[PDB]
Amino acid sequence: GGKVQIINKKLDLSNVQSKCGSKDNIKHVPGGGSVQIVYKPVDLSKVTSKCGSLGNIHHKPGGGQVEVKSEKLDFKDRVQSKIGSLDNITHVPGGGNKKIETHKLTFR
Amino acid sequence: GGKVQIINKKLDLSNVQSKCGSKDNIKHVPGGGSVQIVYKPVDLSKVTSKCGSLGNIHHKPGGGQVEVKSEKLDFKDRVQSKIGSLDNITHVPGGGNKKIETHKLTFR
Amino acid sequence: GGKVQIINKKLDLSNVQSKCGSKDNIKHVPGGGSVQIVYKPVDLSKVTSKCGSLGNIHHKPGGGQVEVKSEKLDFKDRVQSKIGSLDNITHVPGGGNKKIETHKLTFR
Amino acid sequence: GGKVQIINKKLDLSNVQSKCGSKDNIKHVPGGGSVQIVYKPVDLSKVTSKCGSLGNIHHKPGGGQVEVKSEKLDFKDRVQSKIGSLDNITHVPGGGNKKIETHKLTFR
Amino acid sequence: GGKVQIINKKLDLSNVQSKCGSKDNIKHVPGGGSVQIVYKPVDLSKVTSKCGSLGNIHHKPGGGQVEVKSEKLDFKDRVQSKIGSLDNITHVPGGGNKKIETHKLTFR
């Protein structure tokens with residue numbers, strides 16, 4: 001039949017850390033005429049801390065066993081960002097600026 | 001038949017941390033004429049802390065067992081952002097700016 | 001038949017933390033003429049802390065067992081953001097600015 | 001027949017934390033002419049703390065057992081945001097600004 | 001037949017926390033001409049604290065058992081936000097601003 005014996009005695013574990021920084025952040029995006037953001041992240045990330053923990057315990061004798069673990073991701077996304085025209089735009093996201101001028105003079 | 005014996009005795013565990021930073025944040029986005037944000041994130045992330053914990057305990061003898069674990073994601077999204085035209089726009093998201101001018105003079 | 005024996009004795013566990021930062025936040029988005037936000041996040045994230053806890057305990061002998069765990073996500077979303085035209089717009093989200101002017105003078 | 005024996009004795013567990021930050025928040029969105037927000041998040045997130053707790057206990061012998069756990073999400077949403085035209089707009093969400101002018105002078 | 005024996009003795013558990021921040025909040029959205037908010041979140045989130053608690057206890061011998069746990073979500077929503085035109089709009093959500101003017105002068 002068999003046997004699986006695990007003996008754990010007098011275990012002292014400490015200071016198990018898992019850290020991920022600030023992610024997926026969009027900051028300070030000024031547009032003079034327009035801003036177009038298409039924001040579709042797909043997040044399956046894992047930030048895990050395991051300390052003195054086991055996995056799944058399965059006792060399943062007998063033959064013909066089938067174990068399937070599948071993870072399928074399909075991306076067929078269609079993203080279109082269109083702008084026809086832009087003109088005569090003054091954009092000053094800086095500070096302490098003086099005498100910023102834009103001139104469009106047309107004589108048809 | 002078999003046996004699965006796990007012995008845990010005198011276990012001292014401490015300070016198990018799981019941290020994720022600020023995520024998926026959109027901040028400070030000024031648009032002179034317009035802002036178009038399409039915000040569709042898909043989040044399946046895991047921030048887990050396991051300390052002295054086991055998995056699932058299954059005692060299922062006999063053959064012919066089928067175990068299927070599937071995770072399917074399909075993306076067929078259609079995102080369109082359109083702007084026809086922009087003109088004669090003054091955008092000052094900065095501070096302390098003086099004499100910012102935009103002129104559009106047309107003589108048809 | 002088999003046996004699954006788990007012995008836990010004299011376990012001292014402490015300080016199990018799970019933290020996720022501020023997420024999915026949209027802040028400080030000024031639009032000179034318009035703001036169009038389509039906000040459809042899908043959240044299946046897990047922030048879990050397990051300490052001295054087990055999984056599911058199943059005692060199901062006999063063959064021919066089928067275990068199916070499926071998770072299906074389908075995205076066929078259709079998002080359209082349209083603006084026909086923008087003109088003659090002054091946008092000052094900054095502070096302490098002086099003499100910001102926009103002029104559109106047309107002679108047909 | 002089998003047996004599943006779990007022995008837990010003299011367990012001292014403490015300080016099990018699960019935290020999620022402020023999420024799904026839209027703040028400070030000024031529009032000069034208009035604001036269009038389509039707000040449809042789908043939230044299935046879990047913030048769980050387990051301490052000395054077990055799962056489901058099932059004693060179901062016999063063969064031919066079928067266990068199906070399915071979670072299906074389908075998205076066929078159709079979101080349209082339309083603006084025909086915008087013009088002659090002054091937007092000052094900043095503070096302490098002086099002499100902000102917008103002029104549209106047409107001679108047909 | 002089998003047996004499932006769980007022995008819990010002298011368990012001291014404390015300080016099990018589950019926290020979720022402020023969510024789904026829309027704050028400070030001024031519109032110069034109009035604000036259109038379509039607010040349809042779907043919330044199935046769980047903020048749970050389990051301490052010394054078990055799951056469901058089922059004693060159901062015999063074969064041919066079928067256990068189906070299904071969760072189906074279908075989204076076919078149709079959201080339309082339309083504005084025909086906007087013009088000659090002064091919007092000052094900031095404070096302490098002086099001499100904010102908008103002029104539309106037409107001679108047909």
# chains A, B, ... in the order shown; residues from 1 in each chain; ligands from 1
>>> residues_around(residues="residue B:10", least_positions_apart="2", cutoff="10 Å", atoms="only C-alpha atoms", output="ChimeraX atom specification")
/A:8-12 /B:8,12-13 /C:8-12 /D:10-11
>>> write_last_selection(atoms="C-alpha atoms", output="JSON list (two decimals), in the first residue's frame")
[["chain", "number", "residue", "atom", "x", "y", "z"],
["A", 8, "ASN", "CA", 7.86, 18.21, 12.04],
["A", 9, "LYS", "CA", 9.15, 18.95, 15.54],
["A", 10, "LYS", "CA", 10.56, 22.06, 17.26],
["A", 11, "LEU", "CA", 10.44, 24.40, 14.27],
["A", 12, "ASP", "CA", 11.05, 28.12, 14.87],
["B", 8, "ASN", "CA", 3.42, 18.72, 13.79],
["B", 12, "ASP", "CA", 6.62, 28.60, 16.68],
["B", 13, "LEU", "CA", 5.92, 30.77, 13.63],
["C", 8, "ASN", "CA", -1.00, 19.24, 15.53],
["C", 9, "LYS", "CA", 0.28, 19.92, 19.04],
["C", 10, "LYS", "CA", 1.71, 23.00, 20.80],
["C", 11, "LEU", "CA", 1.61, 25.39, 17.84],
["C", 12, "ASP", "CA", 2.23, 29.10, 18.49],
["D", 10, "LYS", "CA", -2.72, 23.48, 22.57],
["D", 11, "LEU", "CA", -2.81, 25.88, 19.63]]
>>> residues_around(residues="residue D:86", least_positions_apart="4", cutoff="10 Å", atoms="only C-alpha atoms", output="count of residues only")
23
>>> select_by_dssp(residues="chain A", states="strand (DSSP E)", output="PyMOL selection string")
chain A and resi 4-20+26-27+34-39+42-43+46-51+57-59+66-75+78-83+86-91+98-107
>>> interface_residues(of="chain B", to="chain D", cutoff="9 Å", atoms="only C-alpha atoms", output="PyMOL selection string")
chain B and resi 1+22+33-34+40+43-44+53+56-57+59-60+62+77+93+95-96
